[PDB]
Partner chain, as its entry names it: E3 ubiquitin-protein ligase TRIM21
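Take a look at this single chain in structure tokens; it is the form deposited without its partner chain.
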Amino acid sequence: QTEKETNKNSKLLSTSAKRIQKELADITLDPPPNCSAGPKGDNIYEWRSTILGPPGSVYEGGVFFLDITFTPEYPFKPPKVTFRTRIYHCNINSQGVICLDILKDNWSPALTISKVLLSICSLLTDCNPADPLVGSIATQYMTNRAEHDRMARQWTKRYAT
């Protein structure tokens, strides 16, 4: 009777849309210091964000653009957040993918895009060489911090100004 047989998501769409609209209101009213975000256009699932390099960090003076993409499975799956602007950082690769716990295994539906951006700012201030996406940058941070920071400042001026 298996022999008789030959060989997008309504509910999740409704829940994700409800959450995203709430988060938009929240981040507009109470944005994280140095960061803004909102829809690029008519599609509520695709946002842009601007982050200013944190004061005192090697990224100070930079203006960085991020793409934030929600799936219909939001908030049960994390948003996809990538840097569009090139940045020299051991946790952020050439595709702009960010190694941040809460964007992967440590995501919880209770987290907000405001909390995610705050966390990304914290990562720009204090990188995490224990979990790098760019090995050479992480080893350089550990072994030749002066060169690391010179390069990070140079890339900030070159690509983020």
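Positions refer to the first chain, counted from 1.
- Gap between residue 7 and residue 8: 10 or more deposited residues without coordinates.
- Checked against the record, the higher mean CA B factor of 32-40 and 100-108 lies with 100-108.
- Stretches 68-76 and 84-92 differ in mean CA B factor, with 68-76 having the higher one.
- Ranking 12, 152, 24, 138 by Cα temperature factor from the entry places 12 first.
- In this PDB entry, residue 134 carries a Cα temperature factor that places it within the middle third of its chain's modelled residues.
This protein has a second form, the form deposited with its partner chain bound, left out of what is shown; the following refers to that one.
- Proximity of residue 108 to its partner chain in the deposited bound form falls within the 4.5 Å heavy atom cutoff.
- Looking at residue 145, you'd find every heavy atom of it more than 4.5 angstroms from its partner chain in the deposited bound form.
- Although the partner is absent from this view, residue 153 stays clear of its partner chain in the deposited bound form, with no non-hydrogen atom inside 4.5 angstroms.
- In the deposited bound form, its partner chain lies farther than 4.5 Å from every heavy atom of residue 79.
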